[PDB]
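First, one chain by itself: the form deposited in one PDB entry, in structure tokens.
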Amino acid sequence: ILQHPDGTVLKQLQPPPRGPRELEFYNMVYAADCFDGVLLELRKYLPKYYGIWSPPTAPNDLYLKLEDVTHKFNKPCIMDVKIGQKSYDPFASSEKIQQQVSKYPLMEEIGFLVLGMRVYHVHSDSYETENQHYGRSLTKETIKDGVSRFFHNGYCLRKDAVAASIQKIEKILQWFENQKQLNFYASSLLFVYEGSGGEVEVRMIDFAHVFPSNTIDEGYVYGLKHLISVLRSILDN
């Protein structure tokens, strides 16, 4: 992810088949002649899409030009949460499934995984960062506190941002409960709140494993429901 001062990010296509798949996902969703109500509604929850981009002198080098969801914030606190019970897709080999489940074997049970967070701390004028090992360390016993950490500015728990996050996740959940045409594997929610009131972003990102489907995305729904439940309990802290 490359942050451009113009309020966009450039995401380099991942190697095939992942990068091509994410390009086609955005292309399908933001298709100029799309009148599909499901896809039109979904746009609200994605980064705005500015199409494929490549450097003027390097047509080989493929990027997606996307809205920087953090741009409107002064001191954005950012958390990326992978959603779902399975982070492998319907066409994964046995080896690939094993690889994916071993990365975080609690995915089925919890239905989400914190990929990272960056939290602004007021009293130190500084950022705490947590990497992928943080979330992969969390268990059923420690997931609530693990998530809570995102909402601590070093003096209060930001229950405003927690409540706002629930409210925005609920809208995404409502979208999922009103579509049976896409299933999303190893995709994420990006949470952003203002670390310097109740202003928040929650957006869907990372679409290298989105597939056509005939069914509700039950794993994604489970993940959202559990994440909402965890956030709800944090409101009682």
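In this text, rigid core is short for the largest set of C-alphas that superpose within 1.5 Å between two forms. Each residue number is its position in the shown sequence, starting from 1.
Beyond what is shown, the protein has a form deposited in another entry; the following relates to that form.
When the two forms are overlaid on the rigid core, CA displacement between this form and the one not shown of 2 Å or more is confined, within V81, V119, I110, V162, to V162. Superposition on the rigid core between this form and the one not shown places the CA atom of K48 less than 2 Å from its counterpart. Relative to the superposed core, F176 shifts its CA atom by 2 Å or more between this form and the one not shown. Relative to this form, in that other deposited form the C-alpha atoms of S137 and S165 separate from one another by 3 angstroms or more. Here's the thing about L64 and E177: their CA atoms end up at least 3 Å closer in that other deposited form than they are in this form.
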